[PDB]
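J.: Sharing an experimental structure here, sequence included.
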Amino acid sequence: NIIXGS
Amino acid sequence: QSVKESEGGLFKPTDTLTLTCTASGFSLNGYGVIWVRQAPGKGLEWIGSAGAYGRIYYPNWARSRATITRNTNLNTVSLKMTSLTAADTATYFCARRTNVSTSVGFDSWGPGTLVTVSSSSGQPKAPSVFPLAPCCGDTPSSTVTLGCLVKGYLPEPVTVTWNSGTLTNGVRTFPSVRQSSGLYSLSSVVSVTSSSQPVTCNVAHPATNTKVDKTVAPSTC
Amino acid sequence: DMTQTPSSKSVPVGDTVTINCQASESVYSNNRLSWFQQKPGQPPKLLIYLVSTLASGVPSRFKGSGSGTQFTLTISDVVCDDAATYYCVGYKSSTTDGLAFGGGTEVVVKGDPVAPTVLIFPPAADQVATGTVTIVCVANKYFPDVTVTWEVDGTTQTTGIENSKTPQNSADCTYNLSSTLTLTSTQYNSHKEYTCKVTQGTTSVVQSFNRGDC
Ligand SMILES: *[C@@H]1O[C@H](CO)[C@@H](O[C@@H]2O[C@H](CO)[C@@H](O)[C@H](O)[C@H]2NC(C)=O)[C@H](O)[C@H]1NC(C)=O
């Protein structure tokens, strides 16, 4: 989940 | 609806820099916050980011000496940097991103805070202000440019107004230069008609809590 | 890694200019790319997010395009107000080295050429007692760039000189420059003629004063 927590 | 960086100022090499990003008119909680700096005459440089959902990420150069922390109680984001060098002299910015869906659509930027890491003297200095007037031997004309030289201050910045802000047009305030001693120097001029009363330049040096008024008259011989 | 080319470009008023941004690796979802405008002494301003969506209040003559590893900013009908440095920022992930700034592209806007008006200011009377004097030479409202030369009794000065240039005027594209010559009080009192020479290509403007007369 490396896209702003998602 | 604006963000602001806390005070920078004068640092010696090996000091620690601590800066706080504060918001007014909206929240920082739940929004991405980034730290960027800009050395004199160089490009914007990423220092690190506070993700909107808790993750903190850095560029590799900064991961060892910078740490970025969010305080959701106080609605702030902070930056701490260790082992300062003269190369860390720069303007430091924080910025807020309204929409996470943009990732880097950073929307609201602070005015920037000036950090001077001085290799030559860590002691502050209040400026001397000297009038700038044409040689008294010169023939007068209908127009005249007068000014003030703000010399020998540390750290940055100084601000200059003319006649308490009532004289604004035809004012040219130049970027500062660094003397060989390490002290900074700024110059400001203003063009008026020769019917003008004497002009007064208002110089503020916040780092020394100093305000200087200098009234400049054209010399005559 | 974001590579921006060229580092600098001059564009006539009214013409169109294109700024290039090379991402070594495709940004996330092929669209995590923003453009920024920064004028010297000011914070950056967001121009475009998601490759091509204009931020609110940004004129439509700014156009963002691209995809993958390659992006472009196009400014049509350039005005002096567009003199600035422009930056692209690409995002891959929320990890180490996972966003990058371009090195920036300085856009110089070419307006009408204007020759500088040159002013020289002898040191205030209360400077000399301090043991050091600073002589100021100002070149106002000029384009294109100038070079400044200092002479003391005909001898070209090679040390003690600092120069500072304002950014391009947002209305007429012109610069202002301040040049300072710093000497010891004795050097000042030992010489007579102080001269500042402002050269603009094939044009030169020279202002002098004689210490005895001021
Ligand atoms: C965040 O997203 C909102 C929603 O898309 C943006 O609001 C829009 O702004 C554009 C101009 O850029 C307008 O044309 C839309 O009508 C707006 N929509 C709404 C619902 O207000 C907002 O500008 C974005 N902000 C950032 C910094 O990206």
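T.: Sure thing, it's come through. Residues are numbered from 1 along each chain as shown, chains lettered A, B, ... in the order given.

J.: Return the residues in contact with the most centrally placed residue in chain B.
T.: Chain B has residue B:114 as the residue nearest its centroid, 4.5 Å off, counting by Cα atoms, centre = their mean. Neighbouring residues of residue B:114 by Cβ atoms under 8 Å, 6 or more residues apart in numbering or on different chains: B:8, B:9, B:91, B:92, B:155, B:156, B:157. The way it works is simple: take the backbone N, C-alpha and C, and place the C-beta from them, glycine included.

J.: Mind doing that once more with 6 Å?
T.: B:8, B:91, B:156, B:157 (Cβ atoms under 6 Å, 6 or more residues apart in numbering or on different chains).

J.: Report all helices and strands that the helix or strand hosting residue C:35 contacts.
T.: Using DSSP states H and E, residue C:35 maps to strand C:33-38. Applying 3 or more Cβ pairs under 6 Å, 6 or more residues apart in numbering or on different chains; DSSP states H and E, one finds that strand C:33-38 makes contact with strand C:45-49, strand C:84-91.

J.: Would you tell me which one of those strands is buried the most?
T.: With neighbours taken as mean count of other Cβ atoms under 10 Å in any protein chain shown, the helices and strands packed on strand C:33-38 reach their highest mean count in strand C:84-91, at a mean of 26.

J.: Give me the next element, helix or strand, following that strand.
T.: In N-to-C order, the element after strand C:84-91 by DSSP H and E is strand C:99-101.

J.: I'd guessed residue B:131 sits against residue C:124; true?
T.: Yes. Between residue B:131 and residue C:124 there is a contact under Cβ atoms under 6 Å: 5.0 Å.

J.: that older thread, save the helices and strands packed on strand C:33-38 as a markdown table, and put in distance to the ligand too.
T.: Below are the helices and strands packed on strand C:33-38 laid out as a markdown table (distance: least, Cβ to the nearest ligand atom, whole Å):
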| stretch | distance to the ligand |
| --- | --- |
| strand C:45-49 | 5 |
| strand C:84-91 | 13 |
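
J.: Out of the ones you listed, flag the one nearest residue B:16.
T.: Among the helices and strands packed on strand C:33-38, strand C:84-91 comes nearest to residue B:16, with 27.8 Å by Cβ to Cβ.

J.: ok and that closest one relative to strand C:45-49, angle-wise?
T.: Angle, strand C:84-91 to strand C:45-49, by axes from the mean of the first three to the mean of the last three Cα atoms, to 10 degrees: 50 degrees.

J.: hmm, back to that, could you dump the helices and strands packed on strand C:33-38 into CSV and include distance to chain B?
T.: CSV is the format used below for these (distance: least, Cβ to the nearest Cβ, whole Å):
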stretch, distance to chain B
strand C:45-49, 3
strand C:84-91, 4
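
J.: Can I get those strands in TSV including distance to residue C:166?
T.: Below are the helices and strands packed on strand C:33-38 laid out as TSV (distance: least, Cβ to Cβ, whole Å):
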stretch	distance to residue C:166
strand C:45-49	19
strand C:84-91	14
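
J.: Would you pull up the residue in chain C closest to the ligand?
T.: residue C:56 (4.2 Å; Cβ to the nearest ligand atom).

J.: Would you map out the domains in chain C?
T.: C:2-110, C:117-213 (curated CATH domains).

J.: Including distance to residue B:141, could the ones you listed go into CSV?
T.: Listed next are the domains of chain C as CSV, based on distance: least, Cβ to Cβ, whole Å:
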stretch, distance to residue B:141
domain C:2-110, 29
domain C:117-213, 12
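
J.: The ligand contacts on chain C?
T.: Selection of chain C residues close to the ligand by Cβ under 6 Å from any ligand atom yields C:49, C:55, C:56.

J.: Chain B now?
T.: So chain B meets the ligand at B:98, B:99, B:102, B:105, B:107 (Cβ under 6 Å from any ligand atom).

J.: ok, the residue sitting nearest the centre point of chain C - contacts?
T.: By Cα atoms, centre = their mean, the mean C-alpha position of chain C lies nearest to residue C:167, the distance being 4.7 Å. Contact analysis of residue C:167 by Cβ under 6 Å, 6+ apart lists C:39, C:40.

J.: Same check on residue B:48?
T.: Applying Cβ under 6 Å, 6+ apart, the residues contacting residue B:48 are B:35, B:58, B:62, B:66, B:68.

J.: What is the burial count for the second one?
T.: Spelled out, that is residue B:58. Residue B:58 has 21 neighbouring residues, counting by other Cβ atoms under 10 Å in any protein chain shown.

J.: dump the residue contacts of it.
T.: By Cβ under 6 Å, 6+ apart, the neighbours of residue B:58 are residue B:48.

J.: For stretch B:208-221, which outside residues touch it?
T.: Against stretch B:208-221 from outside (Cβ under 6 Å, 6+ apart): B:124, B:126, B:129, B:131, B:133, B:136-137, B:144, B:146, B:148, B:198-204.

J.: of the contacts of residue B:48, closest to residue C:162?
T.: Using Cβ to Cβ, these come closest to residue C:162 at residue B:35, 30.7 Å.

J.: Am I right that the closest one is in a strand?
T.: Yes. Membership of residue B:35 in a strand is supported by DSSP: H, G, I helix; E, B strand; the rest coil.

J.: ok, the closest residue in space to it that isn't next to it in sequence - contacts?
T.: Once flanking residues are discounted, residue B:35 sits nearest to residue B:47: 4.0 Å by Cβ to Cβ, 6 or more residues apart in numbering or on different chains. Residues near residue B:47 by Cβ under 6 Å, 6+ apart: B:35, B:37, B:62, B:66.

J.: How about the strand or helix carrying the third one and chain C, any contact?
T.: Read that as residue B:62. Per DSSP H and E: residue B:62 is located in helix B:60-63. Yes. Residues of helix B:60-63 contacting chain C under Cβ under 6 Å from any Cβ of the partner chain: residue B:60.

J.: quick one on the thing from earlier: between residue B:131 and residue C:124, which is the more surrounded one?
T.: Legend: neighbour count by other Cβ under 10 Å for residue B:131 and residue C:124, higher for residue B:131 (23 against 20).
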